[PDB]
Amino acid sequence: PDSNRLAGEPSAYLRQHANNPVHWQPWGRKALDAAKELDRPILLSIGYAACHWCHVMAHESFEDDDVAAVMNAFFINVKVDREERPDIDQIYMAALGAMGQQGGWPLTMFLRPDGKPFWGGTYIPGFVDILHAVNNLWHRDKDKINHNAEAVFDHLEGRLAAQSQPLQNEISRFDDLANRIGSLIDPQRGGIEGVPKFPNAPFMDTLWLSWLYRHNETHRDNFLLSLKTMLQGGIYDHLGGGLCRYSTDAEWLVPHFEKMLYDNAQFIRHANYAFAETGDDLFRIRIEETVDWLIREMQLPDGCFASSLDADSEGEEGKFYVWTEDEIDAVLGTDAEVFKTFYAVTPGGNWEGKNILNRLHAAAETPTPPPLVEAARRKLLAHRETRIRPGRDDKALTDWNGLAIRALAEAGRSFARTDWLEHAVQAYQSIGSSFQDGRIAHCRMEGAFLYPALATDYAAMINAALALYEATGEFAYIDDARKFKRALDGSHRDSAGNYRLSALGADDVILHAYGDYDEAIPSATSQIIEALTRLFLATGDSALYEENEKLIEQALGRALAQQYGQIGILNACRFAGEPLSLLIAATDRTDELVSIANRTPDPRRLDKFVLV
Amino acid sequence: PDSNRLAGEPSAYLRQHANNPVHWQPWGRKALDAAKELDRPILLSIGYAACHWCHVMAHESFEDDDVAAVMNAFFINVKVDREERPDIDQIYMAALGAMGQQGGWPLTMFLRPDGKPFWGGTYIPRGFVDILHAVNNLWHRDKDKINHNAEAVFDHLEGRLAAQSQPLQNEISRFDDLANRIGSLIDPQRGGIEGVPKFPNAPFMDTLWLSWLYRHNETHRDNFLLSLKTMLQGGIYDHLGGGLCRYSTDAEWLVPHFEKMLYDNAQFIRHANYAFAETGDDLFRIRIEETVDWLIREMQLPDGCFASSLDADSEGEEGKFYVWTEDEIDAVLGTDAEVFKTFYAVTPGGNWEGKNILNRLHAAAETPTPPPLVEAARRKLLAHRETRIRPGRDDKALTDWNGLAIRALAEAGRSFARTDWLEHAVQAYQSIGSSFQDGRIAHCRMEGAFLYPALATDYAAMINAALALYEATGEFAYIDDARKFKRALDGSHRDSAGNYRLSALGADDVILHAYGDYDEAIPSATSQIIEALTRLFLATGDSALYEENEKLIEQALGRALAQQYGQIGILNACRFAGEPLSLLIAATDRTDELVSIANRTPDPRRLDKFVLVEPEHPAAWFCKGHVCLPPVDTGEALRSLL
Ligand SMILES: [Cl-]
């Protein structure tokens, strides 16, 4: 507690806070214990890299030398990344809402030595006023904190780690959910009509699953309009490729220029399924452009994919991705007129006087660029790469890598793109290299691994291993899927058969939550339901089938008690209640039956092959 | 209690002693009661028909009139057939384990009237006449010394044979450690468990193969193959008439014990069927159809079922029936004998006691199928061997062993399209099952002499046999028969704690109801029950069965980790029970090629259920939830379902 130990950590978001004068500590047993022997409170700060206001609180307070000594003598201050320890975030995010104050990131908390919180807040501006007031309260009111900490804690243990009575899996529960999700779709712009606009991968899954199981063409058109209009807006990089996080306005125009790995992997699957229904060439182009961007800018020397790249370059939001007309005319030359007519370039611009490239003005026309404006588009990228390039988060998250490995495996299978498979295998063997002592790591960077993993890490690697089987047909990927299943059971399955996000042997966690709340990615148990359901179709394990039906009813029992974020559970249980299985006997990959199965991607079906 | 009542017993080993001057008594309540009324210790003699040193003690002592008079004077004499009453065998073999003796058969022990033992020895030749008087002194001098150590032995028996600790969770990691240490004991060059003698060790081989299937462990697979291939190429195998002998004296599988057991060949046929399906080595295929020919020709009784064993002593000499000399081979085969002598390593000096034991260890890697001139000499030498004095046969029809043979024939007949093997398996199944009246099957019978009640191994073996015949025929009646066999086991062996006991709960001649947790040459009773109840769950999909099986597994694992040896079968069964595979086949006609693929892909972890709704034809099978439909051969009909 007298030296900043945030150096060498696998999270790049914490590495930037290493030079801070406050002795930052990582979340671990050595941090909580020191708070006991010194009877000093804990000050927890949660944040993620692509958050403009996590850096604001840094330069305003934490990077200031004076206010850090106030923290160094009053608490044991710890910094956590929302994406390195998502278990810690979800615990103390729901802890804030239970105190009667909603908030987001950064999140500043106050913890007694055992970890239970008693006061929190989003961003703290008097900051130092409280920074001492809690220290006063820590000494003046030990009786008040113990009364207040265990009251919020009992609300957490009942909201995040309390099993419910089993609930019967019924079809009408999903059809009801699909009707209400459909009523939130903006009929003209696409997506949830509220602003800001998020891609909302779980919300899309319900509409597509509604279209497949019910042939409800209304939700199918809601899925297609929302996906297609988004991929045409400024939220997508029409020059290099890759989708951004979310949109500021409802027209999908002005975005947050950070590019997350999970959002790109989750739309490749959506666009892949969407191509098989409409044949619209735009879905294929967006997939092909984003995959090239993933290999070029996200893939690490070892093959694994980085987490994300920054939205800020050289100190301004999106300086790297936006153009003015006077510069694109200087580089292109005579071919500059047709380029500006393609991406709605205007002298006045569409964002703060600048021009963000988009294809919303001609979204229904042909998506393929003419040969002159394609060479003009490629020429700008070579000139754009000379700019001050935004920083990258080289942290290799196992759960996020599994999402991408599954995306490249399924899209490469349907489009017969053999190059996409090889890069999926490289990321597979790179992530799978950390599997030692019957366990895998959560994240990794610069040779530093974070153990133990989370339940999402095994579920994602189970789904990626099974996807690699469908594309290849090598049964060694099914054996890998069972190896990940055994590791998941040995560390996350409780006595009731339920799975919990944090490992049961992890000692630095207050609460072993199930992980039932979705975000941009479906929840942990949501992914686990799907992964185990697909693993049954690939093996025929009857004991797995019997334990899955229990797991389904347990999760549905808690999902009924949830107020939000249960969409992934109802989606996975709808698929688990009626899965599709297809065995194909063939003599080679060129067989007709194998081909029409490849050209028919279905998230509800798992393919199996036998030599004949 | 004054005569030899051993005649009429369902055993050939006991009838060999019916004419002994000893007033032998079959094990039962009458012998225990007669021992109490006369204040006399019981002279228990346990053996089996194939044992060589069981016959030498009978020829030295049990047929001697001088020592038969003193056995009838101050002892009540009870002889037990090991294969007829294996529950009694496990009770009093553990008694020697509590006394410090190594153990073995013949087993000669001394029991006080209540049945608890106080002094036990393996083989006591004559002295035998002295040790009888020595024990006879203790019963009239100091009985308290007997009553002290007799209770001390019993407490150790109930603490190891029928002690139930708290249940334990089913873990896969503890199965991998067992497979790792077993493979470390395998002979890297000669195969099998390194050390003499070398036994087939069926439970050990089950672990190595399960480790290969569940872990893709190529090392354990090659250990299973090299051990099986070398054994089937050694002198322990009958290269003329087929069949496997029960163990080998040396480490090269050369010199064997020439007796042939039913459980040995039933167990290796299933192993060889699995080995052929992966390697494609014709040696495994040839050895199977050679031994099945031997089972039908030499072991099958006229009433359908299979005999228990085939003796090793012919005309009083060990293996005289199977062993050849060179000059006789030259006389029978003529000028084409050198082609045969080189194929089976026939030498003028002989490989065992101046004579030749036919084998293939000289070239076990060459082509297994012999050339046509050699097989012609092979068929003719076997027929000439049939003119020899033939070794005797134990016509006793053990239920559990017949169940093992039915399963082997049903699985091999299914993977080789041999319908004649299935009908022979149905003959034994219907014949043995004829004693299943009043919800009670018999443990064994011979010449109209039945033995009741059955043991837990009998129902477990019949369940596995019934479900094996279902996979080969697809008849639902075999499933209900499998249900009938379990519920009879429930009503006669399942205790209040949900566990099963080897002896029936109504049995009166057992001093201790053991669980049957200890393996022998066959997996233990508890193992077969876990396997049968798992395969019954696969064939029926009954959720109530799955729930009571998981808690039966956890209670068996609690006892399995306390015991120090003989738990391999339970660990093998629980690994399969933790990951059992089922295959649903939706066929429009039973000539559907998925039925073919399943037949040529035998897996000891999979059970196939059929639901009716020749060359290789590219097809597709589609299932929507619990709704499976017949296959599809065209490209358009597949687009309709997708
Ligand atoms: Cl045995």
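Every number here is computed from the coordinates shown, using simple stated rules; none is lab data. Note that each Cβ is placed from the backbone with ideal geometry, even for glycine, and that neighbours are counted across all protein chains shown.
For A:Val56, the test of being closer than 30 Å to A:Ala311 by Cβ and surrounded by fewer than 18 Cβ atoms within 10 Å (Cβ to Cβ) is passed. Which ones in segment B:490-528 are more than 25 Å from B:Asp114 (Cβ to Cβ), within 16 Å of the ligand (Cβ to nearest atom) and in a loop (DSSP other than H, G, I, E, B)? The answer is B:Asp519, B:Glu520, B:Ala521, B:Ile522, B:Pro523, B:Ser524. Which residues, taken from segment A:161-196, are exposed (fewer than 14 other Cβ atoms within 10 Å of the Cβ), part of a helix (DSSP H, G or I) and among the small types (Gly, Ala, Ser)? Residue satisfying the conditions is A:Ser172 alone. Residue count for segment B:424-453 under the criterion of being within 17 Å of B:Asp481 (Cβ to Cβ) and either of a type in the set (S, T, N, Q) or out of contact with any helix residue (DSSP H, G or I) (no Cβ under 6 Å at 6 or more places or on another chain) (or both): the result is 11. Every condition in (1) surrounded by 24 or more Cβ atoms within 10 Å (Cβ to Cβ); (2) within 16 Å of the ligand (Cβ to nearest atom) holds for B:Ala532 except the one numbered (2). If the condition is being within 28 Å of B:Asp33 (Cα to Cα), aliphatic (A, V, I, L, M) and surrounded by fewer than 20 Cβ atoms within 10 Å (Cβ to Cβ), then segment B:479-511 contributes B:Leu505, B:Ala507, B:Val510, B:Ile511. Among the residues of segment A:300-338, those identified as on the phi > 0 side of the Ramachandran plot and surrounded by fewer than 17 Cβ atoms within 10 Å (Cβ to Cβ) are A:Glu314, A:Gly315, A:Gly333.
Taken over segment B:403-458, the criterion of being of a type in the set (S, T, N, Q) and out of contact with any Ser or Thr (no Cβ under 9 Å at 6 or more places or on another chain) is satisfied by B:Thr419, B:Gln427, B:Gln430, B:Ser431, B:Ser434, B:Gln437. In segment B:72-88, the residues that are more than 14 Å from chain A (Cβ to nearest Cβ) and over 17 Å from B:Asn137 (Cα atoms) form Cβ pairs under 9 Å with partners that are of a type in the set (D, E, K, R) and away from the ligand (no atom under 13 Å from the Cβ), at six or more places apart or across chains, as follows: B:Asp81/B:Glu9; B:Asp81/B:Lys396; B:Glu83/B:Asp394; B:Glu83/B:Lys396; B:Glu84/B:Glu9; B:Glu84/B:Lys396; B:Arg85/B:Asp509; B:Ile88/B:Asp509. Just so you know, in segment B:68-87 the residues that are of a type in the set (D, E, K, R) and within 16 Å of the ligand (Cβ to nearest atom) include one that is farthest from B:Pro113 (Cα to Cα), and it is B:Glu83. Do any residues in segment A:110-133 that are farther than 11 Å from A:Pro41 by Cα have Cβ atoms under 9 Å from those of residues that are crowded, with 21+ Cβ neighbours inside 10 Å and of a type in the set (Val, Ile, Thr), where the two are at least six apart or on different chains, and which pairs are they? That search, which allows pairs on different chains as well, returns A:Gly120/A:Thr108; A:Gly121/A:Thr108; A:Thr122/A:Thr108; A:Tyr123/A:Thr108; A:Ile124/A:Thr108; A:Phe127/A:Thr108.
From the list A:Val22, A:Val70, the lone residue that is over 24 Å from the mean Cα position of the chain (by Cα) and surrounded by fewer than 22 Cβ atoms within 10 Å (Cβ to Cβ) is A:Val70.
Within segment A:334-372, the set of residues being aliphatic (A, V, I, L, M) and under 34 Å from the mean Cα position of the chain (by Cα) comprises A:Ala344, A:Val345, A:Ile356, A:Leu357, A:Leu360, A:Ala362, A:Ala363, A:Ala364. A:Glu553 meets all of the listed conditions (1) charged (D, E, K, R); (2) within 14 Å of another protein chain (Cβ to nearest Cβ); (3) within 24 Å of the chain's Cα centre (by Cα) but one, namely (3).
List the number of the failed condition for A:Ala561; all other conditions in (1) more than 8 Å from chain B (Cβ to nearest Cβ); (2) surrounded by 19 or more Cβ atoms within 10 Å (Cβ to Cβ); (3) among the aliphatic types (A, V, I, L, M) hold. Among (1) more than 8 Å from chain B (Cβ to nearest Cβ); (2) surrounded by 19 or more Cβ atoms within 10 Å (Cβ to Cβ); (3) among the aliphatic types (A, V, I, L, M), A:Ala561 violates only (2). Within segment B:513-538, residues that are over 20 Å from B:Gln267 (Cα atoms) and within 14 Å of chain A (Cβ to nearest Cβ) sit with their Cβ atoms under 8 Å from residues that are assigned to a loop (DSSP other than H, G, I, E, B) and away from the ligand (no atom under 11 Å from the Cβ), at 6+ positions apart or across chains, in these pairs: B:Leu536/B:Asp542; B:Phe537/B:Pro580; B:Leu538/B:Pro580. On inspection, A:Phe257 passes the criterion of being touching a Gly at 6+ places or on another chain (Cβ under 6 Å) and either outside any loop (DSSP other than H, G, I, E, B) or crowded, with 24+ Cβ neighbours inside 10 Å (or both). When residues in segment A:133-166 are screened for being touching a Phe, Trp or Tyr at 6+ places or on another chain (Cβ under 7 Å) and more than 23 Å from A:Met93 (Cβ to Cβ), 1 of them pass.
A quick yes/no check of all residues on (1) away from the ligand (no atom under 16 Å from the Cβ); (2) under 22 Å from B:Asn4 (Cα atoms):
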{"residue": "B:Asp66", "(1), (2)": "yes, yes"}
{"residue": "B:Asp89", "(1), (2)": "no, yes"}
{"residue": "B:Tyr92", "(1), (2)": "no, no"}
{"residue": "B:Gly100", "(1), (2)": "yes, no"}
{"residue": "B:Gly103", "(1), (2)": "no, no"}
{"residue": "B:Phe110", "(1), (2)": "yes, yes"}
{"residue": "B:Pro117", "(1), (2)": "yes, no"}
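Exactly one residue out of A:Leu454, A:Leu504 is within 14 Å of chain B (Cβ to nearest Cβ) and under 30 Å from A:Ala162 (Cβ atoms), and it is A:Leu504. Residues in segment B:586-599 that are at the interface with another protein chain (Cβ under 10 Å from one of its Cβ atoms) and under 32 Å from the mean Cα position of the chain (by Cα): B:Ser596, B:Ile597. Taking the criterion of being at the interface with another protein chain (Cβ under 10 Å from one of its Cβ atoms) and surrounded by fewer than 18 Cβ atoms within 10 Å (Cβ to Cβ), the residues of segment B:619-631 that qualify are B:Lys624, B:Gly625, B:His626, B:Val627, B:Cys628.
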